[PDB]
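Structure first, commentary second.
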Amino acid sequence: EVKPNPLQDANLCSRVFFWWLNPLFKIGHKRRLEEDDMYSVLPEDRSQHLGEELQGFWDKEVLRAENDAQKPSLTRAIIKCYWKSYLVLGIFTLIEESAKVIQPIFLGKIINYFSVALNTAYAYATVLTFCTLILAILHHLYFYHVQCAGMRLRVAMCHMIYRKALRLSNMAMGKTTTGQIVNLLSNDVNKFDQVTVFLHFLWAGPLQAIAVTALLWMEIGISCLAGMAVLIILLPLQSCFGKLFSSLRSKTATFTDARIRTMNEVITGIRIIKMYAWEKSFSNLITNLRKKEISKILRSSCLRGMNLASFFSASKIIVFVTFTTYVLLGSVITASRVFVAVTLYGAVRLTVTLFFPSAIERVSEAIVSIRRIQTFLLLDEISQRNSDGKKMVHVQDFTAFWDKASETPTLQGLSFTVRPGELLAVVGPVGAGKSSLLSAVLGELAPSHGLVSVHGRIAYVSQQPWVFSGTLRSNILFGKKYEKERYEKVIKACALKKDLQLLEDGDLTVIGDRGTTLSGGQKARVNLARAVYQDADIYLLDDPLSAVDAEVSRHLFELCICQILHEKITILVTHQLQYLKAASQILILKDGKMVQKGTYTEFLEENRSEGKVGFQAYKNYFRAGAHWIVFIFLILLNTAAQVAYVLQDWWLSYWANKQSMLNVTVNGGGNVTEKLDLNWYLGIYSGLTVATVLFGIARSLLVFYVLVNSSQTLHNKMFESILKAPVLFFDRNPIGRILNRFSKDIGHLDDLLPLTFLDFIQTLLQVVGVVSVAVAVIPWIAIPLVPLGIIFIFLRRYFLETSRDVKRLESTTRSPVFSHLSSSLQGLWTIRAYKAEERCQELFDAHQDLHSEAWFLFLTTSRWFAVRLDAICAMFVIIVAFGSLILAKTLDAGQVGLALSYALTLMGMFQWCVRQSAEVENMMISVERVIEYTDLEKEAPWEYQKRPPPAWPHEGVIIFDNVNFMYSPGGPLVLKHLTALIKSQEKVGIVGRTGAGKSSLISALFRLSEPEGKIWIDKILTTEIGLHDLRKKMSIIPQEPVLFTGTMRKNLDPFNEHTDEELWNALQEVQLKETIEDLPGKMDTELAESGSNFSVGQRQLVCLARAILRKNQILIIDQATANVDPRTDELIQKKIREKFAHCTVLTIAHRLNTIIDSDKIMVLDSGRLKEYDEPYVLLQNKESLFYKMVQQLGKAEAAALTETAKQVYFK
Ligand SMILES: Nc1ncnc2c1ncn2[C@@H]1O[C@H](COP(=O)(O)OP(=O)(O)OP(=O)(O)O)[C@@H](O)[C@H]1O
Ligand SMILES: Nc1ncnc2c1ncn2[C@@H]1O[C@H](COP(=O)(O)OP(=O)(O)OP(=O)(O)O)[C@@H](O)[C@H]1O
Ligand SMILES: [Mg+2]
Ligand SMILES: [Mg+2]
């Protein structure tokens, strides 16, 4: 293994003490911990093993006729898998809680030792030493293992959810989304970590309630049945809350899915969202979903407030109810009965009225999360391949449907075959079926009739270029061996030579997710170069050529496809008729039908804070929650609860110390004796209980309310800042690193931190309370105790110096999981094309293992601290207790009267306070990561103090003066010394090779990065205007069409600013109307995520429909019809000329026949502008680059273009 792990060879004593972990603190005390410091995950805990285990049981649950008479149960598979490993921890839970019940009895026997006798109480002390050793050192290794039972289940679920995700059919990727799958891997599987802690207390709680009522019936007698009567009410009631926690979690997760789904589309769409200035729309949509989500989080947190309010006060109710129903029958005695009742209920309070109510909420949150995962694991999957002989593709009578019903077939009658040495060109209108035909050969679209046979390994060049976070080399190697001569051949043939020469830092350039840091036709050639490097047998080329320049397109077709691939099997989706002459067969599709098939001759980064969670971060978490007056009120309410609680301890003592009195001069004489005012004593004692109950309930709701409200405002600010972040931020930070904050950390601020903060706070006040009376009682003990406080703060800081780093490593090392997930979810058809699924699983497991290394340290370091605390405290408290046997009554005789009592459970409460005090500061690491993206670098303001005139671009004049541009402050100049004037209403063509900076003119115009020189729009500097006044008033069609899941209305007109009649008008003028009319809901048809329901050419047509609606005077048309077929494009060009005749129009296109009817052509060559003249004034100069580029289009094409250039010039 890469790294050791001392747990594999730790001696058992070093294991129970976690003493083997001590060397980690030696470095964490001195350094920020590093991922290379974290110990390797143990071999049995590997993500590969855990997932392959539980998938075995889940396979045996769906299969083997375990479906014969039932639906599958993922819970039965989980139980069958883990029951033996978990029931063996139940036996320790039985011994543990037996020891808790034994402790007060035998210490009570020491209180009964009171009077000394030979060699007697040393038996009880020997039981107390054995008991406290269980409670204080063995408990922690037990607790570590019940936590690892949850980690193992969590990691097993994560593996098999991703194993499923790779297999999901396109029928199923409509029923699920990246938002759900990220939510499964982040919230729903996270429940499993906490569930297995409490799960044994579903039985150890109720069983221990029955044990104490039996023991008190042997002590108090029948009145102990009133204590049990409370539990016989309370525990069935809290069992019914499980039904509400299940319901409320299922509702919450449905809104968390929708939030993460929308957030994913914001983060991926952010550049186009910015250019449209739709940021206000997504701000409202996310804040609506967050309100709906946080409502059910708030309600379920209020039930959790009742549970924790029952923990505080129900024991005091029990000791009230069992005593009021006793003094109405008998007499309260100093120490004696009341000491035994208080200590028995005090020892058992935790399990019956904290861990049991917690267990039934935690498990009811599990079972819904299991149903969420089970309903994912039962989704549809892709069937395995439909030969050692002749390699071929063969398709026969094939018909298939993307949508199972209510539709015409996507493909019908397909009957083609293609052998090595042939290229099949598939051709036809937008949406005709060309990419669906590749999806048929690729097996992503299953046949409903006919058959497909594929004898060879495929390389798929998808129509949208998939590119993943890595180096440009890694994108081309795709895990294949590096081999210099093969690599140089493909980068030459794919024209990535020169591009890898023209700066980029060369090859090995780091590329952001989705290939965002590349031009559209450059990532398209990386996407082609990957396939050619794989040296496959069958090449499925989904039009790689429409993405690239005319010269580069000829270069690719000759030196790559014809040279390298023409000996392979090739199917080429294309629109470039100039290449169809070279295809061995051509196939034309209309509406999925094979129209004709034949021959052309016959057809015609270590972002982790260094140290403490500063006081400012706590202040921000609280001031995000409520105004300070509410926290002053909360402090008063918190102390009012605790004072009322501890006054019941004192009042029973005071009552007992006055019912024990000497004035019983004759007991049979009745009121001749000073019989106690039972109505007065029960009056005040009842009052103190209702104070304890009501202030306990009130503080629990108030803490949850303000901390849930804090999670609301910290989300809101973190989303606004990210939305207003510059595009550079999204190029730099992986999608999964951002979604980690919105999924996991916000999930922690919603559910887990508000609970653990209250749990700490109310434990702190109890410790503060009892210690204070433990300084009124045996006041000398403060002198022994003062060094204990010093040791605890020293041990806390020494621990926290390491624990905070471990928790930052833990939270950080999770973000690769979600960025790899989202990258591979986009890549699925390509991953499944190469059959790289086993490789992508191996990568994903490597991310789980790296996170498991940090979680293993998180669990273990917590237990190192908790052992060191509990050993020191047990030694302290047992010395105080054992001192009674060396007559510590000589230090204070009050030790005999006011029994040691609650100090026996101070050996627990003091520990849980200091232990959970550190847990809260570990949980506050998630607050820092949310605060971090609140405080990120802002983009320039959306509106300045200056604003334009209300009709500002009255003439669409644009002037660039000396301007140069770079995408990052140290980056290369992607544009250099631009100087051009665009006249009013001037239709300007922008042309030049892939990479030449022409789409960076848009980044300068929309100021997505600051240009380094002046740009004037109608005599206003774009640098002296707010970004929404700038961006709203220029229409854009971007190079890559992005669509949002939502209605067609929501995709055309997010603000409802236009009538649906105008939307039908826009759809008619892109001639997409006939398509939308065929869809069952028309305007109300739901887009699948990223628009996947539409063909890529139709995704472009909705982007024109958007720009037609905006009606601005300035339009910027970035390659908008690249994927549109020529016969549909020529009708769109006609409509662009007619619709936007008054506009200025920066038409950026490689299709020069769209450009040639233009007033001026900008030709830019390496970011430098070098030609700006009428098209014919360039073409008549045969030295011009525009002449060369038109010449590269071919002989008759250049003649036709030169002719129509003359026609537009002679006017
Ligand atoms: N993943 C999908 N799920 C459902 N329907 C789809 C999917 N991909 C395409 N379609 C539908 O199939 C029909 C289109 O097909 P295809 O996507 O096969 O066309 P194309 O040949 O790729 O066209 P273009 O390249 O011009 O976009 C379209 O009308 C589209 O609605
Ligand atoms: N977000 C970015 N961050 C850094 N560099 C970028 C970014 N987008 C593009 N580039 C770089 O800027 C230069 C590319 O430009 P642009 O993207 O302006 O070219 P294009 O003319 O639009 O190309 P194509 O015809 O391939 O679409 C390329 O060499 C690319 O590496
Ligand atoms: Mg571009
Ligand atoms: Mg297509």
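We count from 1, first residue shown onward.
Looks like electron microscopy, 3.2 Å, at least that's what the header says.
Here the Cβ of each residue, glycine as well, is placed from N, Cα and C on the backbone.
Summarising the annotation, Swiss-Prot assigns transmembrane segment to 87-107 (among others).
Residues or ranges marked as transmembrane segment in Swiss-Prot (evidence: sequence analysis): 123-143 (among others).
The feature transmembrane segment is assigned by Swiss-Prot to 194-214 (among others).
Marked as transmembrane segment by Swiss-Prot on the basis of sequence analysis: 215-235 (among others).
Among the features that Swiss-Prot reports, transmembrane segment is placed at 338-358 (among others).
Tertiary proximity for the transmembrane segment (423-443) is limited to same-chain residues at least six positions away from its ends with a CB under 8 Å from its CB atoms, namely 382-383, 385-386, 393, 395, 398, 400, 402, 410-411, 414, 416, 452, 454, 458, 460, 463, 538, 540, 542-543, 561, 565-566, 570-575, 579-580, 582-593, 595, 829, 832-833, 1075, 1094-1098, 1101, 1123-1125, 1127-1128. According to Swiss-Prot, the transmembrane segment annotation covers 423-443 (among others), on the basis of sequence analysis.
The ATP 1 binding site feature in Swiss-Prot is assigned to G428, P429, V430, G431, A432, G433, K434, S435. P429 (ATP 1 binding site) carries neither a helix nor a strand DSSP state and counts as coil. Around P429 (ATP 1 binding site), the same-chain residues at least 6 positions away in sequence with a Cβ under 8 Å from its Cβ are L589, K590, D1125, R1127, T1128.
The domain 'ABC transmembrane type-1 2' annotation in Swiss-Prot covers 631-922.
As annotated by Swiss-Prot, N-linked glycosylation site applies to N663 (among others). Of all Cβ atoms in the shown protein chains, 9 besides its own fall within 10 Å of the Cβ of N663 (N-linked glycosylation site).
In the structure as shown, the Cβ atom of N671 (N-linked glycosylation site) sits within 10 Å of 6 other Cβ atoms. DSSP assigns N671 (N-linked glycosylation site) to a helical segment in the three-state reduction. Look at Swiss-Prot and you will find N671 (among others) tagged as N-linked glycosylation site.
Feature annotation from Swiss-Prot assigns transmembrane segment to 688-708 (among others).
Nonlocal intrachain contacts for the transmembrane segment (753-773), taken as residues 6+ away from its ends with a CB within less than 8 angstroms of a stretch CB, comprise 301, 304-305, 308, 311-312, 638-639, 641-643, 645-646, 649-650, 699-700, 703-704, 707-708, 711, 785, 902-903, 906, 909-910, 912-913, 916-917, 919-920, 923-924, 926-927. The transmembrane segment annotation in Swiss-Prot covers 753-773 (among others), and the record cites sequence analysis as its basis.
Using a Cβ-Cβ cut-off under 8 Å and counting only residues 6 or more beyond its ends in the same chain, the transmembrane segment (775-795) has close neighbours at 865, 868-869, 872-873, 876, 880, 891-892, 894-895, 898, 914. What Swiss-Prot lists as transmembrane segment is 775-795 (among others).
Per Swiss-Prot, the feature transmembrane segment maps to 871-891 (among others); the stated evidence is sequence analysis. Outside the transmembrane segment (871-891) by six or more residues, the chain places 17, 107, 110, 113, 116, 121-122, 125, 128-129, 132-133, 135-137, 778, 780-781, 784-785, 788, 791-792, 795, 900, 903-904, 906-907, 910-911 with a CB less than 8 A from a CB of the stretch.
The transmembrane segment annotation in Swiss-Prot covers 894-914 (among others) and is backed by sequence analysis.
If you look up Swiss-Prot, you'll see 955-975 (among others) marked as transmembrane segment, on the strength of sequence analysis. Here the transmembrane segment (955-975) has Cβ contacts under 8 Å with residues 503, 517, 728, 731, 981-985, 997, 1000-1001, 1003-1005, 1009, 1011-1019, 1113-1114, 1143-1144, 1146, 1164, 1167-1168 of the same chain, all six or more residues outside its ends.
Residues near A996 (ATP 2 binding site) in space but far in sequence (CB under 8 A, at least 6 apart, same chain), listed by position: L1164, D1165, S1166, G1167. Looking at 123-143, 338-358, 894-914, the range that has the most CB pairs within less than 8 A of the transmembrane segment (215-235) turns out to be 338-358. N671 (N-linked glycosylation site) sits 101 Å from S435 (ATP 1 binding site), taking the CA atoms of both as reference points. The distance from the Cα of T994 (ATP 2 binding site) to the Cα of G428 (ATP 1 binding site) comes to 25 Å.
Taking residue pairs at least 6 apart in sequence, the transmembrane segment (194-214) and the transmembrane segment (87-107) share three or more C-beta contacts under 8 angstroms. Filtering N671, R993, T994, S999 by Cβ distance to ligand 3 (under 6 A) retains the following recorded positions: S999. Screening the binding-site residues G428, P429, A432, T994, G995 for a C-beta under 6 A from any atom of ligand 4 leaves none.
Proximity of the binding-site residues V430, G431, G433, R993, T994 to ligand 1, judged by a Cβ distance under 6 angstroms to any of its atoms, singles out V430, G431, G433 in sequence order. Summary for the binding-site residues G431, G433: the Cβ-based neighbour count within 10 Å is maximal at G433. Chain break remark: 7 residues absent between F114 and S115, end-to-end distance 6 Å (Cα atoms, rounded to whole Å). With a cut-off of 6 Å between Cβ and the nearest atom of ligand 2, the binding-site residues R993, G995, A996, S999 reduce to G995, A996, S999.
Residues 97, 100-101, 103-105, 107-108, 111, 198, 201-202, 204-206, 208-209, 211-212, 215-216, 219-220, 224, 227, 231, 234-235, 238, 241, 307-308, 310-311, 314-315, 318-319, 322-323, 332, 649, 652-653, 656, 899, 901-902, 904-905, 908 of the same chain, all 6+ positions outside the transmembrane segment (338-358), place their C-beta atoms under 8 angstroms from a C-beta of that stretch.
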